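A.B. asks: According to the numbering used here, the stretch in the sequence shown is residues 33 to 377, in order.
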Amino acid sequence: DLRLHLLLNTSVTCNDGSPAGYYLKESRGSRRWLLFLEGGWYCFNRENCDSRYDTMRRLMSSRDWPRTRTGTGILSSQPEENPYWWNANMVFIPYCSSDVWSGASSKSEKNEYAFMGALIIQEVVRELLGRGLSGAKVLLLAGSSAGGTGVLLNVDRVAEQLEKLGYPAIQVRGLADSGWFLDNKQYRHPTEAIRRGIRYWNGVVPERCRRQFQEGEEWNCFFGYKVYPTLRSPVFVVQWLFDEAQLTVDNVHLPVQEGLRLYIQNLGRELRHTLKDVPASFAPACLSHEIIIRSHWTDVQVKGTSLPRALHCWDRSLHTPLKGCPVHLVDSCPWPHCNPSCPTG
């Protein structure tokens, strides 16, 4: 139900110089716009980007993209599948820049690949303004995995873009799903990959975070607990306490012995600690990865509240806590699937 539009400014490109784009399903009368950033890791040098180009080419090129995509989860237009925003205008922005949505570098003479993630978002917003976004009341920039980190890196830039373009009535907000990572010690054997990626991509981070960390240290701004306090736009954070991608980068692969048990328990407790002062958050004690565009995203609950409900409560809070409509939902139990509603697998 979402139709592909390749960017009219064809200088804003995927990694291989093909045009970037977006999938759109309009909902006339709705003044709510959901722009979702796809995830899918990243690449940070010629050799690993070349490998990703052989066997993950849709993440680097629009040449083979389909005409349409079905909106699922939070992008579904069916209230049964999406109790939260089923009537919104829906936008799916494919991830084809491999740069955690941070890049501002064109393909050229010196560059085999273009890394334009930050410019793709800006150009999508530009072109949507002529398609009804000019009349929006809320623009929710959402994303999963690298797209969730992309929300953190870009939500305030979208807000500033719209202000400078003359649309101060559009409330820009972020929903970062599975993009809140820790730069922690591995269990055996991201920081270095991000440092190199930033140079390779000409990667950009939010201004206030950049001013805190300074040159050479912008990689810090890819870590939610460091960049979030610098952001002005409201951001709702969804993060499994035992995220599979966090565990992968930590070199954990799941009878668990004491060292690994302590490592896993400490990871959950560190994640919980980083979310203590995040007032809009949903952090279930599960071993899993991403949630918001899965068709059964409605099933998980924390303290008896689902994510669609928590997001609805967040909308109400942005009109003092609300009776029976909580927005801060972080599990306190210490082991994967101590929450009975965790995804089964």
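By construction, the Cβ of each residue, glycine as well, lies at the ideal position given by its N, Cα and C atoms.
1) Please identify the residue among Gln289, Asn283, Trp212 whose C-alpha is closest to the C-alpha of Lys258.
2) Apply the 10 Å Cβ neighbour rule to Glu79 and answer buried if 16 or more other Cβ atoms are within range, or exposed otherwise.
3) Tell me which residue opens and which closes the alpha helix (DSSP H) that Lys258 is part of.
4) Return the first residue and the last residue of the beta strand (DSSP E) that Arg227 is part of.
5) Taking all protein chains shown into account, decide if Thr330 is buried (16 or more other Cβ within 10 angstroms of its Cβ) or exposed.
6) Does the beta-carbon distance from residue 413 to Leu38 come in below 9 Å?
7) Near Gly167, what residues of its chain come up, given a Cβ to Cβ distance below 8 Å and the 5 sequence neighbours on each side ignored?
8) Provide the residue span of the beta strand (DSSP E) that contains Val170, from first to last.
9) From the DSSP output, in three-state form, read off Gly356 for me.
10) Mind reading off the beta-carbon distance from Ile125 to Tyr54? Whole number of angstroms is fine, and I expect it under 8 Å.
11) How is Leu39 classed by DSSP in three states: helix, strand or coil?
12) I need the straight-line Cα distance from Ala191 to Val204, nearest angstrom please.
13) Rounded C-beta distance between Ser138 and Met148? I'm assuming under 8 Å.
14) Just the C-alpha distance for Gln193 and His221, rounded to the nearest angstrom, thanks.
15) Starting from the Cα of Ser349, find the closest Cα among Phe268, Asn298, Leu307 and give me that residue.
16) State the CB to CB distance for the pair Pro311 and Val359, rounded to an integer number of angstroms; the pair is presumed to be in contact (CB under 8 Å).
17) Can the beta-carbon of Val270 be found less than 9 Å from the beta-carbon of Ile325?
18) Within 8 Å, do at least three Cβ pairs link the segment 246 to 260 to the segment 221 to 232?
19) Where does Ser129 sit, in a helix, a strand or coil, going by DSSP?
20) For the segment 145 to 162 and the segment 115 to 132, state whether three or more C-beta atom pairs, one from each stretch, are separated by less than 8 Å.
21) Go to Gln278, then tell me how far its beta strand (DSSP E) extends in each direction, as first and last residue.
22) Starting from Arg205, follow the beta strand (DSSP E) in both directions and report where the run begins and ends.
23) Quick check: the segment 227 to 235 against the segment 272 to 290, are at least 3 beta-carbon pairs closer than 8 Å?
24) If I follow the unbroken beta strand (DSSP E) through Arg95, where does it start and stop?
C.D. replies: The answer reads as follows:
1) Checking every option, the nearest Cα to that of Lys258 belongs to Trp212.
2) With fewer than 16 Cβ atoms within 10 Å of its Cβ, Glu79 is classed as exposed.
3) Element bounds for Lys258: 256 to 259.
4) For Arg227, there is no enclosing beta strand (DSSP E); the enclosing alpha helix (DSSP H) has its first and last residue at 223 to 233.
5) Burial is judged here by how many other beta carbons sit within 10 angstroms of a residue's own beta carbon; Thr330 has at least 16 and is buried.
6) A question about residue 413 goes unanswered here, because the residues of the chain that appear run from 33 up to 377.
7) Closer than 8 Å at Cβ, skipping near neighbours: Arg63.
8) It spans 170 to 176 - the beta strand (DSSP E) in which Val170 sits, taken as one unbroken run.
9) Three-state result, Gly356: coil.
10) 5 Å between Cβ atoms; contact.
11) Residue state, collapsed to three classes: coil.
12) Distance between the alpha carbons of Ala191 and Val204: 6 Å.
13) Going by Cβ atoms, the distance from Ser138 to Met148 rounds to 7 Å, so yes, they are a contact pair.
14) When rounded, the distance between both Cα atoms is 42 Å.
15) If we check each option's Cα against that of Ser349, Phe268 comes out closest.
16) The beta-carbon distance between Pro311 and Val359, rounded to whole angstroms, is 6 Å. This is short enough to meet the 8 Å contact definition.
17) No, Cβ-Cβ distance for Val270 and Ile325 is not below 9 Å.
18) Verdict: yes, contact present.
19) The answer is coil: DSSP assigns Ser129 none of H, G, I, E or B.
20) Verdict: yes, contact present.
21) For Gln278, there is no enclosing beta strand (DSSP E); the enclosing alpha helix (DSSP H) has its first and last residue at 276 to 281.
22) 203 to 209 is the span of the beta strand (DSSP E), which, as asked, contains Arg205.
23) By the Cβ test, the segment 272 to 290 is not in contact with the segment 227 to 235, since fewer than three Cβ pairs between them sit closer than 8 Å.
24) Where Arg95 is concerned, there is no enclosing beta strand (DSSP E), given that its DSSP letter is neither H nor E.
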